[PDB]
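Have a look at the structure below, then the notes.
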Amino acid sequence: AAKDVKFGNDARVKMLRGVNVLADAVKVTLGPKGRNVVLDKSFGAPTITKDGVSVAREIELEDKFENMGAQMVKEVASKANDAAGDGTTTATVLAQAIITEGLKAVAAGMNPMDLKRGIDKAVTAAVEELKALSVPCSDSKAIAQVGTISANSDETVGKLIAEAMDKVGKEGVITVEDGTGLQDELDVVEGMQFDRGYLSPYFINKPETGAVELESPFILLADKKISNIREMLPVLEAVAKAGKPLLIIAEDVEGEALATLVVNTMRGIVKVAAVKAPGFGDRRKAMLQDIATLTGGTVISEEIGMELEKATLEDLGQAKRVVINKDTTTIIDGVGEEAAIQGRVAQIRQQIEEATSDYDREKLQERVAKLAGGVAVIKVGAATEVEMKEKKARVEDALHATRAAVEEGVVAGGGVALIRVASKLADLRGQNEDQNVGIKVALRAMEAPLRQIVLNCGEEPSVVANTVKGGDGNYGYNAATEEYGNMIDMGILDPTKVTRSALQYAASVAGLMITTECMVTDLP
Amino acid sequence: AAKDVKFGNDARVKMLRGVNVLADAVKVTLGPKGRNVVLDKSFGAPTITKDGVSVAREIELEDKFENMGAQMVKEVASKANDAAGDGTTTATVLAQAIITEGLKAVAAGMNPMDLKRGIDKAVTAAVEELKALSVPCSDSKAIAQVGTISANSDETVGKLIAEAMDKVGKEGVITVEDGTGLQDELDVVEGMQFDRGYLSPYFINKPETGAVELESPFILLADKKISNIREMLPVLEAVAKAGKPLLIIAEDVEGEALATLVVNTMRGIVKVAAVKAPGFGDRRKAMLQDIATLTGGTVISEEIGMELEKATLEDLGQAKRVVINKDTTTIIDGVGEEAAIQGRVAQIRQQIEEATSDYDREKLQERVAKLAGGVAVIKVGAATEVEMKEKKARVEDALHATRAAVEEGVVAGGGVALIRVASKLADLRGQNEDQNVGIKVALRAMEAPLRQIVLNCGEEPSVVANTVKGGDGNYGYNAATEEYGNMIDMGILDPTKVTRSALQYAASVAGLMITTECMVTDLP
Amino acid sequence: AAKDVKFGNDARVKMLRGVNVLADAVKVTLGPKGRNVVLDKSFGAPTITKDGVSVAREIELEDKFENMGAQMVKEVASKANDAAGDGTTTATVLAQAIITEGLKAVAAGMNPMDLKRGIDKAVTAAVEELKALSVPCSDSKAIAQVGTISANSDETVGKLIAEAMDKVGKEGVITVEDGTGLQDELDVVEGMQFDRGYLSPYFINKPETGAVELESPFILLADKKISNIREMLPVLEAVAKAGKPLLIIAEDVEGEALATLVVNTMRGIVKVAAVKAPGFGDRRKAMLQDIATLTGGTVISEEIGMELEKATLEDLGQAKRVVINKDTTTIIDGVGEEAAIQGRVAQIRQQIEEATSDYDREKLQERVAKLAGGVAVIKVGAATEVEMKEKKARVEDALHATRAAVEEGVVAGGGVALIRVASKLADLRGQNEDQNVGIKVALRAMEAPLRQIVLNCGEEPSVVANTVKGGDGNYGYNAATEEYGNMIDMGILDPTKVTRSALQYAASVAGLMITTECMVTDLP
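Residue numbers (the authors' numbering), protein chains in the order written: chain K, 2 to 525; chain B, 2 to 525; chain C, 2 to 525.
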């Protein structure tokens, strides 16, 4: 189709307008005293939310170039959220600050590539400073404290998360399920999790969670890429008559098979989720065999000769529950002989014993760990169904935050880690003057989020920023109580991973938009 | 003719727009780092000035109501400048701050009259605080220091001002004249100054200062109101054939005589300035007799018998030089035998002892003081004519500033006296909540000028404002050196009269606009 | 009248547009390969010129704000031309470069005052570097060489200039005149020159040179300011019936006297030029008496007793020729007794002998020098009237250039002195980063004129600029011959005063325009 092309200054101005619109939409929700945004719905009842994720998801501009700018910032913020579990608003406001200042500098006549180099150097130094400033969260007490902070200052959720980490390990798999009774239940069941996601977004059973959830589904284990529906059509009919959902994992699913699976899911006649197999080659085959051992099923292997057409229901694997997300897939409580699992892990241990290369030893150890560790299940209990759902959501959020914390520690939250890092880095220099300007741009951008928070609070931004800068360590300004102190002891924590990811993704998108020269869109 | 009438909110909005235009025009020239404003001229060469007085004088808008707002802010600022010798920009920015906040509060629903009452109460308390904070300027060292500060840190001007004040007295009259030689000369001549001014601006000889200056002029002394030109026509003809200027003082000059004199002033055939007689009643006749004794002329009084037609050149009083301003008129070195002056002052003293009432004694003492004190003339000299004119202008400005200082002391200049006073008054209260809102409005408005100065300096206004508020006394921020400390020690001095007048006039005009409800203007 | 007010960015943008228009109009006429500009005339035949002064004079824009910007740049360029005799185009192009870069920086968020400080610092360092780089032009050989270079490589003009300098002195007064015969004639006659100029441009006899010239005029000498024409109707009538012009010099001429003199000059019935007396006070009276001795006239002083009506034709001073310019007035061949001049010079020298203070000694020394040195008259002779006028114009231009050269030496012309200086100042630094940006702006602006010259020549600007920067000393690029080498040897000489004045005035106007925030101009 005919295209509209913008060059240089005009394209950058349009992108800046789009970024400004999206950032002004999402920034008012930043901070404990953040405002709320009204999102319209076709149903009739508007939705009022203080969550920046929803506001970002609902933003799309009429102008095409401004739309591209908004979509770029939205995509990088979503990547930050997926990597960390928070910081979408922080990443967006940081990106807006860097983009605005960098475009001002570019309009001043400075070299965009040198500006990007300076931004990258400043951000790398900032990541180093953040790693220096982070405090570990390895002890169970710190884990419980972080979990309590994440779940709106609830001690029960923190205690539950700490118990789960103690039972399964900090690197173990923990999932949250509904609790039958009033009291909460924690148990460890056989299961495993891999890094493959769903093939199609239409598989999403729960749009609010954004993940596919199946109750007692069937497992298909194929060593070949699935392309024709007719190959597994008898299996699909057997699943449909069985009345239970089906989860299929193989090399790949493409073409008419994927199309008909999507159509069936939309019609809802059969609940089928398509997920690729983990790894590749010998590794995908070994992990498929491991999953077969876990679920008690059989791998449909072409070299063996076993075929999908002759596959039966009893040959398929079975699990009590599976959760599929775009980033990972979890198998929870697969039915299978414990003796079979013990034999499999013993075989993997032997393979480690005669393993020679360190890479193979590490891979086999990872496999045996993810096979023998199991999955810890958290059953959230409450008196009322609605409060039980709210508690489950809070527990999920706290679990994600605690995972990030145990991954990378915690820093002084509320946007003061960035201002402290900028204060430490104020003496950085680059090879060229434009690099120095880029470094200053990055420093001011890292200043920005705390200013936005305290502007949402209604307080003076510059004065609070100066006061926090004059301090040291984790000393900072508390938005809720409107009074300074040690941010760690006051209960305002942010995992180091969240801040680091937000800063890095904001820097990347800002550099990409600063070094942008041409813009190609469809005509209105 | 037809009129356009605005009611309530929209009229106040037009005021806000006009005041905003004028205040943004004049407020950028505030502070040592103040910007400059380019003013167009019909001749062709634009004028670049950092003086808020000229910028205010040039401002006149096209919308009639915005023009009203700008014109009345201009009028009150001009009144402040005339009363104090400086502070037009400060008065205008203070008025804009009060007007903006008060109009916002009025639109919020608070009663305008209560807001005006609160503003007046806060301003009265602020005047009291300013009087408390002012340091005296009575000693000659402080007088010299203030004079030096006023004349761009020049010690010679301050020393000249201090020694002239010591020679003639603080209440004495000091006049600046061109010096023939390189060195500066000061001499005391016989003369006096009264508060009457010229009838119309069309007599202004030099538009730069807006004052009438005459070299060796003639003095006309009439105890009757001048209305007809033909009464003094022979006197005017004698003056014209003599070639020297003439100064006429009488009860009043109006009608055909005033019209003919003004037309002659534009035509330039005869240069005559018209000034009303000082005082009223028998006091007026006594002061006219004193003028006659000083200048050696004769008073043309109807009751005595002589007529202006019978008046001759010898009957006219003669002086070496006179200066006429709309605020006061000065008679310098009037020629006359010193024996007559001694007899007249002995006569005034004998009424001094024979008088009984305190009012009459005080007024006679004032008369004898102003008659026997004389006039101190400062002859400013330099190497070349242009720098001599520049030094004369600097000396005149320093003289005005030192007169204000000895009148009411000095305070910490640079706009920090107002912020200190607001910090002191932060605990004020009123009868009604609307009065409290007005008080807070006045406090923030007094904060505003320092914020404007430090914004012109490029620094953050809020941080500097709170840093100054944290201190006490005359501790403040130096705009020129970009560093804090004691404002008096740094030589940043503002006369207390200047700040007091600016605050009071800004408050008055702001109350007038806040309580304004209707407007009448000609149609476009 | 109603005014239009622009604030901040809009005003600066309009100024940038106006300056761009003016600088593009005048910049094409820079360098030996400079293009030519066609200017309209009311007569019908357009004027084609390569002279940037005329192009700048004719420029005037419709938009009021752009017109104000252009007029400011025009005014500073004209001041530079008056001070130096050349460099209007260089000043304008330098001003445009600084203004463009500084406005870019201001839009980038730099502090305008710090930018102006950096510009001033860099320009001061550049002036010091220029003084270091200048070579003296004191000996007669260099004077003749510079005169030859200025007059299109004509050795005769150089030799006449050199011999005139030898005869009267480098600080003497030299004036050019039409030659009766073919041979050029030089002679020294009595006369003097003072810095006072004409009161109004309407006195200009010949607009081509912008100066007032009179043949055998009468001299009026008054110690008092002239305001009334009635004082000198008889003298004017006597002059008119005599038929020769009249030159009047007094303290000042204002009002109806100036108006009627302008009217008489416009009508042409009586041609009289009015110039203020030199000096002020006692020095002014002494200089007037010296002029009276020189021209044989009498000073009409009120205090001595004589008066203007009492003045006659014989009392008026007489001179063979006088030239009046807005910067100075020259009296040439004033007829007077040689014995009177000898007595006056002996009196002045013995007054010097008895003089004590250094300032009085210097004043009397300059008086005696300007009274006894005389005026050297150059009679430019040729064979044809038109070529005689062309040679006279060339000789006058060469005289101006030689005066500038002997004042401050010569540097490598053709715009390479500025590029060399900017090369030397590569390591200059300021207190703030904004000051450094301003310094870089000034350096690039000083680069600009050579780039413009070589762009007019059609060659590559950047390559030539870098080649000249790589060199050192007076090495540079020749525009006429398109080949590098030493610029002094090729005869591309610009007086150091011209380049220094152009740079300083461009910097001043650029700082004024960078620090400008508001405008006031009449509505369209």
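Using N, Cα and C, we set each Cβ at its ideal position, and we do this for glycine too.
(Q) Which residues in chain B have a C-beta closer than 7 Å to the C-beta of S463 of chain K? List them in chain order. (A) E461, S463 and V464, listed in chain order.
(Q) Suppose contacts are defined by Cβ-Cβ distances below 8 Å. Is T149 of chain K in contact with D140 of chain K by that definition? (A) No; because the gap between Cβ atoms is not below 8 Å, this pair is not in contact.
**Q.** Option in K:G459, K:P235, K:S55 and K:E484 with minimal Cα separation from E209 of chain K
**A.** Closest option to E209 of chain K, Cα to Cα, is K:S55.
Q: Select from K:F44, K:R18 and K:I60 the residue whose C-alpha is nearest the C-alpha of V38 of chain K.
A: Nearest of K:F44, K:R18 and K:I60 to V38 of chain K, Cα basis: K:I60.
(Q) Using CA atoms only, rank isn't needed, just tell me which of C:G170, C:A85, C:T157 and C:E214 is closest to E186 of chain C. (A) Nearest to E186 of chain C by C-alpha distance, out of C:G170, C:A85, C:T157 and C:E214, is C:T157.
Q: Can you have a look at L31 of chain B and say buried or exposed, based on whether 16 or more other CB atoms are within 10 angstroms of its CB?
A: Per the 10 Å Cβ criterion, buried.
Q: Can you pull the chain E residues whose beta carbon is under 8 Å from the beta carbon of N467 of chain B, in chain order?
A: Here chain E cannot be found, since the structure's protein chains are K, B and C.
Q: Spatial neighbours of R118 of chain B within its chain, please: CB distance less than 6 Å, with the 5 preceding and 5 following residues excluded, ordered by chain position.
A: Once the five neighbours on either side are set aside, the close Cβ partners of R118 of chain B are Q436.
Q) Exposed or buried, which one is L524 of chain C when buried takes at least 16 other CB atoms within 10 Å? A) Burial call: exposed.
Q: With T157 of chain K as the anchor, note down where its alpha helix (DSSP H) starts and where it stops.
A: Segment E156 to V169, the alpha helix (DSSP H) holding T157 of chain K.
Q. Is the beta carbon of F219 of chain K less than 8 Å from the beta carbon of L237 of chain K?
A. No, these two residues do not count as a Cβ contact at 8 Å.
(Q) Using the three-state DSSP reduction, which class does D87 of chain C fall into: helix, strand or coil? (A) Looking at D87 of chain C - three-state DSSP - the assignment turns out to be coil, as it is neither helix nor strand.
Q | Integer-rounded CB distance, given that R58 of chain B should sit under 8 Å from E518 of chain C | A | Incorrect: roughly 18 Å between the Cβ atoms, too far for contact.
Q: Using a Cβ-Cβ cut-off of 8 Å, state whether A106 of chain K counts as contacting chain C.
A: Chain C, which has a Cβ nearer than 8 Å to the Cβ of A106 of chain K, makes this yes.
Q. Residues in the segment 50-61 of chain B with C-beta within 8 Å of chain C's C-beta atoms, listed in sequence order?
A. For the segment 50-61 of chain B, which is checked against every Cβ of chain C, the residues closer than 8 Å are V56, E59, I60 and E61.
Q) Are the segment 501-515 of chain C and the segment 121-129 of chain C touching, with three or more C-beta to C-beta distances below 8 Å? A) Under the 8 Å Cβ criterion, the segment 501-515 of chain C counts as touching the segment 121-129 of chain C, having at least three qualifying pairs.
Q: Give the secondary structure of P33 of chain B by DSSP, where H, G and I count as helix, E and B as strand, and everything else as coil.
A: Coil.
Q: For my contact list, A81 of chain K and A413 of chain K are in at a C-beta cut-off of 8 Å; report their separation, rounded to the angstrom.
A: Taking C-beta atoms under 8 Å as the contact rule, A81 of chain K and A413 of chain K fail to qualify, at a distance of about 19 Å.
Q: Below 7 Å CB to CB, which residues in the same chain sit around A126 of chain B once its five sequence neighbours on both sides are set aside?
A: For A126 of chain B, where only same-chain residues beyond five positions count, the Cβ hits under 7 Å are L426 and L429.
(Q) Using 8 Å as the cut-off, can you tell me whether the segment 320-329 of chain C makes contact with the segment 183-199 of chain C, which would need three or more C-beta pairs spanning the two stretches below that distance? (A) Result yes; three or more Cβ-Cβ pairs closer than 8 Å.
Q) How many whole angstroms separate the CB atoms of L295 of chain B and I349 of chain B, which I take to be in contact at a CB cut-off of 8 Å? A) Going by Cβ atoms, the distance from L295 of chain B to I349 of chain B rounds to 12 Å, so no, they are not a contact pair.
Q: Tell me where the alpha helix (DSSP H) around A241 of chain B begins and ends.
A: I230 to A243 is the span of the alpha helix (DSSP H), which, as asked, contains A241 of chain B.
Q. Beta-carbon of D523 of chain B versus every beta-carbon of chain C: anything under 8 Å?
A. Any Cβ of chain C closer than 8 Å to the Cβ of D523 of chain B would place that residue at the interface, and such an atom is absent.
Q: Give every residue of the same chain whose Cβ lies closer than 7 Å to the Cβ of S228 of chain C, excluding the five residues on either side of it in the sequence, and list them in chain order.
A: Cβ within range, chain order: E255, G256 and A258.
Q: Return the chain-ordered list of same chain residues with a C-beta closer than 6 Å to the C-beta of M514 of chain B, the five sequence neighbours on each side being excluded.
A: Taking C-beta separations shorter than 6 Å and ignoring five residues to either side along the sequence, the partners of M514 of chain B in its chain run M16 and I100, following chain order.
Q. From the beta carbon of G110 of chain C, is the nearest beta carbon of chain K less than 8 Å away?
A. True, the Cβ-Cβ gap to chain K drops below 8 Å.
Q) Assuming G180 of chain C contacts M389 of chain C under a Cβ cut-off of 8 Å, what Cβ separation, rounded to an integer in Å, is found between them? A) Their Cβ separation, rounded to whole angstroms, is 7 Å, which keeps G180 of chain C and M389 of chain C in contact under 8 Å.
Q) Taking all protein chains shown into account, do 16 or more other C-beta atoms lie within 10 angstroms of the C-beta of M267 of chain B, making it buried, or fewer, making it exposed? A) Around the beta carbon of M267 of chain B, a 10 Å sphere encloses fewer than 16 other beta carbons of the protein chains shown; the residue is thus reported as exposed.
Q: State the beta-bridge partners of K4 of chain K as determined by DSSP.
A: DSSP output for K4 of chain K lists K:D523 as bridge partner(s).
Q) Under a CB-based cut-off of 8 Å, is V22 of chain B close to chain C? A) Interface residue, yes.
Q.
Quick check on DSSP: helix, strand or coil for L222 of chain K?
A. If DSSP states are grouped into helix, strand and coil, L222 of chain K belongs with the strands.
Q) What residues from chain C crowd round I270 of chain B, counting only those whose CB sits closer than 7 Å? A) Within chain C, the residues near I270 of chain B are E257.
Q.
Could you check whether the Cβ of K42 of chain C sits closer than 8 Å to any Cβ belonging to chain B?
A. Chain B places no beta carbon closer than 8 Å to that of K42 of chain C, leaving this residue out of the contacts.
(Q) Below 7 Å on C-beta distance, what does residue 529 of chain C contact in chain B? (A) Shown here, chain C extends from 2 to 525; a query on residue 529 of chain C therefore has no answer.
Q) At a cut of 8 Å, does the segment 382-399 of chain B reach the segment 479-486 of chain B through at least three beta carbon pairs? A) Between the segment 382-399 of chain B and the segment 479-486 of chain B there are fewer than three inter-stretch CB-CB distances shorter than 8 Å, so the stretches are not counted as touching.
Q) Could you give the distance in angstroms between the alpha-carbon of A377 of chain B and the alpha-carbon of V499 of chain B? A) Spanning the two alpha carbons is a distance of roughly 24 Å.
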